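Two forms of the same protein chain are encoded below as structure tokens; each is given separately, as structure 1 and structure 2.
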Structure 1
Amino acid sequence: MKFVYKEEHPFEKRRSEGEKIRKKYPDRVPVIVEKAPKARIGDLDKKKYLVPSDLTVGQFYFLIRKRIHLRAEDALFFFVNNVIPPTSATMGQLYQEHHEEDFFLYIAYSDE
């Protein structure tokens, strides 16, 4: 899978952005959200989020879903490194387990 954020930005640029956040905001995590490639679902206009680390994955889903051009009944699923996260996990927990070398957490969403 290929996040467009990674095509649009050099690693060293992304790492500087992610590392600054981690060192200056202990209560926040830098998150990229993009549609999974094969996904068949409405579009999200913004991809770069600064996310309270103590939000649960379920709470993050609620806030993100509001921003996706969706049909009212559409559900979506999050994948982090190809795994659907638990909803009771927090974004800080996911970040510790799954952040990439540029220090971002990447979430792909899909209609699945």
Structure 2
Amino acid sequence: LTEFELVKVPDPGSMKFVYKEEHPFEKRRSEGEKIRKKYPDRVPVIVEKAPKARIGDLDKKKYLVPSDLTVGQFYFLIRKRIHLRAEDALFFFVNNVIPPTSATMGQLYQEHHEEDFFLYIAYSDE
């Protein structure tokens, strides 16, 4: 109708991870499988900023996160790795889905890790 607003659907390939552009698949999978052997109780995570976000960027992309660490605990870690105000927000995006903070990184990894053994998380304040 004229008074309804038709909500547009977000483009699922809007977020492009630089780590996937610069490294071919076989190199990434070989790297992720080695890190899984060295740290079987940790999960390799790629964290990049959404290009539209205006909060600070990350010095390092790659993180070895323990499986029992929750998403909420990982949220406070990433905040203390970028330049932002205490009042600024930050949201994690895994396949454009904000994961529950009560879930562990191991549960989030086991459900959404890609074929290169890496879990890709985008962050943005908007």
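Along the sequence of structure 1, residues get numbers from 1 upward. Each form is matched to the other, and the largest set of C-alpha atoms that superpose within 1.5 Å is called the rigid core.
We note a C-alpha movement of 0.6 Å at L50 between the two structures, with the rigid core held in register. Lined up on the core, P26 has its CA atom moved by 2.0 Å between the two structures. Superposing the rigid core and comparing between the two structures gives a CA shift of 2.2 Å at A39.
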